[PDB]
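We name chains A, B, ... by the order of the sequence lines, and we start the count at 1 in each one.
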Amino acid sequence: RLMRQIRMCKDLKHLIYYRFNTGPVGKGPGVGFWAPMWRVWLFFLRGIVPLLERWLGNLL
RNA sequence: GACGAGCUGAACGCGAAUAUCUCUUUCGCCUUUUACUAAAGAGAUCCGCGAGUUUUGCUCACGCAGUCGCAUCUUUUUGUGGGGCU
């Protein structure tokens, strides 16, 4: 299901890269605006912490 | 007629951020089950959050103190007095 975090981070990347390189800034490494995708994965992790504690407690 | 920062307790309650899961169905992947899609609903959970005195921990601070058991010219507190008739 974390294909939706991956699709969301891909959309976030398209938007940020488009709005970032406008002008002479161009087309490569160098964009480090990471808080949008960071918070995508933080939401993933908050929601999956209970599921994974269950699964790992069951494994244990 | 009058005074808080930080923690754990409060017991009541969901500005703007939102992820996961379960169930009942439909739809799509399609050999099967997981693992998934996207619709309808019904339910949970997570990560957090606000105010009341409880004080624990100040490292701040106090009591003749800011407050006590409208003030003379025609319209208001400077009144028009005095007498006497049924």
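- For RNA chain B, the span of nucleotides reached by chain A at under 4.0 Å from its heavy atoms goes, 5' to 3', from B:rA17 to B:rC47.
- In this strand, B:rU59 does not stack on its neighbour B:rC60 when judged by six-membered ring centres under 5.5 Å apart and planes inclined by less than 30°.
- Here the separation of B:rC14 from B:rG57, taken at their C1' atoms, is 32 Å to the nearest Å.
- The six-membered base rings of B:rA51 and B:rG52 fail the test of centres under 5.5 Å apart and planes under 30 degrees, so these neighbours do not stack.
- For the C1' atoms, the distance from B:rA11 to B:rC46 is 23 Å, rounded to whole Å.
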Dot-bracket encoding of pairs in RNA chain B, which uses [ ] for pseudoknotted crossings and | for another strand, Watson-Crick or G-U under 3.5 angstrom | ...........((.....((((((((.(.......).))))))))...))....................................
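- Checked against side chain to side chain contact (heavy atoms under 4.5 Å, CB included), A:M8 has the following partners two or more places apart in sequence or in another chain: A:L12, A:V40.
- A heavy atom lying under 4.0 Å from RNA chain B marks the following residues of residues 37-51 of chain A, by number: A:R39, A:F43, A:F44, A:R46, A:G47, A:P50, A:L51.
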Distance-only criterion, 3.5 Å: show the donor-acceptor pairs between side-chain atoms of residues 42-60 of chain A and protein atoms not counting sequence neighbours.
none

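- Under the rule for a side chain to side chain contact (heavy atoms under 4.5 Å, CB included), the partners of A:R4 that lie at least two apart in sequence or sit in another chain are A:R1, A:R7.
- B:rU25 adopts an anti glycosidic conformation, its chi angle falling more than 90° from 0.
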Mind listing the side-chain donor-acceptor pairs of residues 21-36 of chain A below 3.5 Å, one per line with the distance, residues two or more places apart or on another chain?
residue: A:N21; atom: ND2; partner: A:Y17; partner atom: O; Å: 2.7
residue: A:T22; atom: OG1; partner: A:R19; partner atom: O; Å: 3.1

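- Residue note: B:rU78 shows a south-type sugar, the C1'-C2'-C3'-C4' torsion being below zero.
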